[PDB]
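Colleague: Dropping the structure in here first, questions after.
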Amino acid sequence: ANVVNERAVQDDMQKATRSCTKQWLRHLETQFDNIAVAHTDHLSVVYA
Amino acid sequence: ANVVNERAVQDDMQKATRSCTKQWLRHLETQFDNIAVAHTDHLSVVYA
Amino acid sequence: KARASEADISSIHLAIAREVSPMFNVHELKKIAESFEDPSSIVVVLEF
């Protein structure tokens with residue numbers, strides 16, 4: 001977040017074009033949290 | 001980009017109209033990086 | 001939507017199998033043609 005936030009203000013682009021990036025970054029949080037249970041419980045025994 | 005920036009804040013124009021200028025000034029950068037390999041490697045031996 | 005491809009099962013299962021397999025021919029990367037122009041090009045960084 002802090003890398004793309006400092007990069008967008010270097011080119012002083014829109015508030016909406018920067019927040020819609022950061023709403024997408026923590027949408028990847030929500031999609032990661034739903035699949036992180038099934039990787040560490042069921043993919044981890046397959047690699048074992 | 002610092003000449004067109006102080007020109008814009010002197011006449012207090014929009015955040016979008018100033019950022020869309022600067023997004024174009026680095027769209028020339030990608031188009032200059034992709035073809036400066038072809039000038040300095042094949043145009044320069046033609047001028048030589 | 002440029003980076004993300006359709007969910008083909010014959011290459012997702014192939015990616016899991018490469019992790020604990022031996023390597024006999026040295027692998028190389030599918031070429032990613034990016035310029036990192038815009039702050040929206042952080043997608044390729046999150047891909048890595």
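Going by the structure tokens order, chains are called A, B, ..., each with residues numbered from 1, while ligands are numbered from 1 in the order shown.
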Within 12 Å of chain C, which residues belong to chain A? Use only C-alpha atoms and report them as JSON, numbers by chain.

Modeller: {"A": [1, 2, 3, 4, 5, 6, 7, 8, 9, 10, 11, 12, 13, 14, 17, 18, 19, 20, 21, 22, 24, 25, 28, 29, 39, 43, 44, 46, 47, 48]}

Colleague: If you count only C-alpha atoms, which residues fall within 8 Å of residue C:37, apart from same-chain ones fewer than 3 positions away, as a PyMOL selection string?

Modeller: (chain B and resi 26-27+30) or (chain C and resi 41)

Colleague: Let's have the selection written as a tab-separated table (two decimals), in the first residue's frame, with N, CA, C and O atoms.

Modeller:
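As a result, result.tsv now contains:
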```tsv
chain	number	residue	atom	x	y	z
B	26	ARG	N	4.97	10.56	-19.57
B	26	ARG	CA	5.67	9.30	-19.42
B	26	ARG	C	5.12	8.19	-20.30
B	26	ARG	O	5.62	7.07	-20.24
B	27	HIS	N	4.09	8.47	-21.09
B	27	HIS	CA	3.78	7.58	-22.19
B	27	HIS	C	4.72	7.79	-23.36
B	27	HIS	O	4.94	6.86	-24.15
B	30	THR	N	7.89	5.35	-22.49
B	30	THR	CA	7.82	3.97	-22.94
B	30	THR	C	8.03	3.88	-24.45
B	30	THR	O	8.77	3.02	-24.94
C	41	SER	N	0.29	-0.82	-12.70
C	41	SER	CA	1.18	-1.92	-13.04
C	41	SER	C	1.77	-2.60	-11.82
C	41	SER	O	2.79	-3.28	-11.93
```

Colleague: Please report the interatomic distance between atom CA of residue C:44 and atom CA of residue C:32 in Å with one decimal.

Modeller: 8.7 Å

Colleague: One number please: atom CA of residue C:27 to atom CA of residue C:47, in Å, one decimal.

Modeller: 18.2 Å

Colleague: Let's see if you can do this: from backbone DSSP, list all alpha helix (DSSP H) residues in chain B, as an MDAnalysis selection string.

Modeller: chainID B and resid 3:10 15:25 27:38 44:47

Colleague: Just to be explicit: take each residue in the selection above, keep N, CA and C atoms, and write the result as an mmCIF file, in the first residue's frame.

Modeller:
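Done, and the output landed in part05.cif:
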```cif
data_model
loop_
_atom_site.group_PDB
_atom_site.id
_atom_site.type_symbol
_atom_site.label_atom_id
_atom_site.label_comp_id
_atom_site.auth_asym_id
_atom_site.auth_seq_id
_atom_site.Cartn_x
_atom_site.Cartn_y
_atom_site.Cartn_z
ATOM 1 N N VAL B 3 8.013 22.131 -15.327
ATOM 2 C CA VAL B 3 7.634 23.388 -15.963
ATOM 3 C C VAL B 3 6.125 23.443 -16.156
ATOM 4 N N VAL B 4 5.527 22.330 -16.587
ATOM 5 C CA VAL B 4 4.086 22.282 -16.778
ATOM 6 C C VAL B 4 3.351 22.188 -15.442
ATOM 7 N N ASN B 5 4.054 21.859 -14.356
ATOM 8 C CA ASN B 5 3.417 21.811 -13.045
ATOM 9 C C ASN B 5 3.302 23.207 -12.447
ATOM 10 N N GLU B 6 4.382 23.990 -12.500
ATOM 11 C CA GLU B 6 4.318 25.350 -11.974
ATOM 12 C C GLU B 6 3.506 26.261 -12.880
ATOM 13 N N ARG B 7 3.358 25.893 -14.151
ATOM 14 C CA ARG B 7 2.442 26.611 -15.026
ATOM 15 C C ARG B 7 0.993 26.343 -14.640
ATOM 16 N N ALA B 8 0.704 25.148 -14.126
ATOM 17 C CA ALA B 8 -0.674 24.789 -13.824
ATOM 18 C C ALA B 8 -1.117 25.307 -12.462
ATOM 19 N N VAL B 9 -0.244 25.252 -11.454
ATOM 20 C CA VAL B 9 -0.628 25.748 -10.135
ATOM 21 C C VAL B 9 -0.637 27.268 -10.078
ATOM 22 N N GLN B 10 0.004 27.937 -11.039
ATOM 23 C CA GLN B 10 -0.113 29.385 -11.142
ATOM 24 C C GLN B 10 -1.516 29.792 -11.566
ATOM 25 N N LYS B 15 -6.963 18.970 -10.815
ATOM 26 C CA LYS B 15 -6.068 17.876 -10.463
ATOM 27 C C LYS B 15 -6.008 16.843 -11.576
ATOM 28 N N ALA B 16 -7.129 16.613 -12.260
ATOM 29 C CA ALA B 16 -7.159 15.616 -13.323
ATOM 30 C C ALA B 16 -6.478 16.129 -14.583
ATOM 31 N N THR B 17 -6.690 17.400 -14.924
ATOM 32 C CA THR B 17 -6.100 17.967 -16.129
ATOM 33 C C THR B 17 -4.596 18.150 -16.015
ATOM 34 N N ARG B 18 -4.070 18.219 -14.797
ATOM 35 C CA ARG B 18 -2.636 18.287 -14.556
ATOM 36 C C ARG B 18 -2.017 16.898 -14.478
ATOM 37 N N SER B 19 -2.772 15.914 -13.991
ATOM 38 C CA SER B 19 -2.253 14.555 -13.916
ATOM 39 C C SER B 19 -2.308 13.863 -15.271
ATOM 40 N N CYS B 20 -3.331 14.162 -16.076
ATOM 41 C CA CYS B 20 -3.417 13.564 -17.401
ATOM 42 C C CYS B 20 -2.397 14.143 -18.365
ATOM 43 N N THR B 21 -1.872 15.336 -18.088
ATOM 44 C CA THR B 21 -0.702 15.798 -18.821
ATOM 45 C C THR B 21 0.516 14.966 -18.458
ATOM 46 N N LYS B 22 0.726 14.733 -17.161
ATOM 47 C CA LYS B 22 1.917 14.022 -16.717
ATOM 48 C C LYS B 22 1.848 12.528 -17.019
ATOM 49 N N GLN B 23 0.646 11.952 -17.119
ATOM 50 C CA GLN B 23 0.542 10.569 -17.576
ATOM 51 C C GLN B 23 0.900 10.436 -19.048
ATOM 52 N N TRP B 24 0.690 11.488 -19.833
ATOM 53 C CA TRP B 24 1.103 11.452 -21.227
ATOM 54 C C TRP B 24 2.600 11.668 -21.382
ATOM 55 N N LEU B 25 3.210 12.472 -20.502
ATOM 56 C CA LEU B 25 4.638 12.754 -20.616
ATOM 57 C C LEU B 25 5.495 11.534 -20.306
ATOM 58 N N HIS B 27 4.088 8.474 -21.090
ATOM 59 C CA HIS B 27 3.779 7.575 -22.187
ATOM 60 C C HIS B 27 4.721 7.790 -23.359
ATOM 61 N N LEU B 28 5.306 8.984 -23.475
ATOM 62 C CA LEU B 28 6.399 9.166 -24.417
ATOM 63 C C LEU B 28 7.634 8.395 -23.985
ATOM 64 N N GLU B 29 7.807 8.187 -22.676
ATOM 65 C CA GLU B 29 8.987 7.500 -22.158
ATOM 66 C C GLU B 29 9.027 6.043 -22.592
ATOM 67 N N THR B 30 7.894 5.347 -22.486
ATOM 68 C CA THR B 30 7.825 3.967 -22.943
ATOM 69 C C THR B 30 8.028 3.884 -24.447
ATOM 70 N N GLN B 31 7.431 4.812 -25.193
ATOM 71 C CA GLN B 31 7.625 4.831 -26.633
ATOM 72 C C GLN B 31 9.003 5.328 -27.036
ATOM 73 N N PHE B 32 9.716 6.026 -26.157
ATOM 74 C CA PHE B 32 11.084 6.398 -26.477
ATOM 75 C C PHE B 32 12.065 5.306 -26.092
ATOM 76 N N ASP B 33 11.787 4.571 -25.012
ATOM 77 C CA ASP B 33 12.670 3.482 -24.611
ATOM 78 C C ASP B 33 12.611 2.323 -25.593
ATOM 79 N N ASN B 34 11.448 2.087 -26.202
ATOM 80 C CA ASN B 34 11.299 0.930 -27.076
ATOM 81 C C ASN B 34 11.983 1.144 -28.418
ATOM 82 N N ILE B 35 12.162 2.401 -28.836
ATOM 83 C CA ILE B 35 12.730 2.648 -30.159
ATOM 84 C C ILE B 35 14.112 3.281 -30.127
ATOM 85 N N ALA B 36 14.614 3.686 -28.956
ATOM 86 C CA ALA B 36 15.986 4.185 -28.895
ATOM 87 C C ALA B 36 16.991 3.053 -29.022
ATOM 88 N N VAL B 37 16.556 1.815 -28.793
ATOM 89 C CA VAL B 37 17.400 0.668 -29.096
ATOM 90 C C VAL B 37 17.569 0.533 -30.606
ATOM 91 N N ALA B 38 16.557 0.937 -31.373
ATOM 92 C CA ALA B 38 16.617 0.790 -32.820
ATOM 93 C C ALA B 38 17.252 1.980 -33.529
ATOM 94 N N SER B 44 22.407 4.649 -36.416
ATOM 95 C CA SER B 44 23.705 5.293 -36.262
ATOM 96 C C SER B 44 24.731 4.718 -37.227
ATOM 97 N N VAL B 45 24.619 3.434 -37.573
ATOM 98 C CA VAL B 45 25.536 2.889 -38.567
ATOM 99 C C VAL B 45 25.150 3.313 -39.973
ATOM 100 N N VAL B 46 23.919 3.782 -40.180
ATOM 101 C CA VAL B 46 23.559 4.337 -41.478
ATOM 102 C C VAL B 46 24.095 5.758 -41.614
ATOM 103 N N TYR B 47 24.034 6.556 -40.543
ATOM 104 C CA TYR B 47 24.657 7.877 -40.588
ATOM 105 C C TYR B 47 26.174 7.789 -40.634
#
```

Colleague: Please, what distance in Å, to one decimal, runs between atom CA of residue C:11 and atom CA of residue A:41?

Modeller: 21.7 Å
